[PDB]
């Protein structure tokens, strides 16, 4: 397939829950701009890890049967790879952090520097 342009924004799937603020209803984080051209050095398959099984078509990470949970991350389900927060954080953050350590061009590691659209 062809990668979308750099104006692309990743947001939470509709219905996505959020940790309540004690007793007050919580809210979602800001959305995340994601520029593919800045990740040209990474093979598509590395992120779109099920590409082959999906026959060359690129499916959204949250599609049914994939990281489809709409449940917020807590202690009880902290290890569940089906969670949106785990799927994206493991992919995005780990690489950025590792590159930062090696002192080379990298992406954001701070919450506010990735969740920006607002």
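Positions refer to the first chain, counted from 1.
Legend: mean Cα B-factor per stretch from the PDB entry, 23 to 31 versus 51 to 59; the higher mean is in 23 to 31. For the pair 14 to 22 and 105 to 113, the mean Cα B-factor is higher in 14 to 22. Within the selection 37, 46, 77, 91, the deposited Cα B-factor values reach their highest point at 77. For residue 70, the recorded CA temperature factor ranks within the highest third of the chain's modelled residues.
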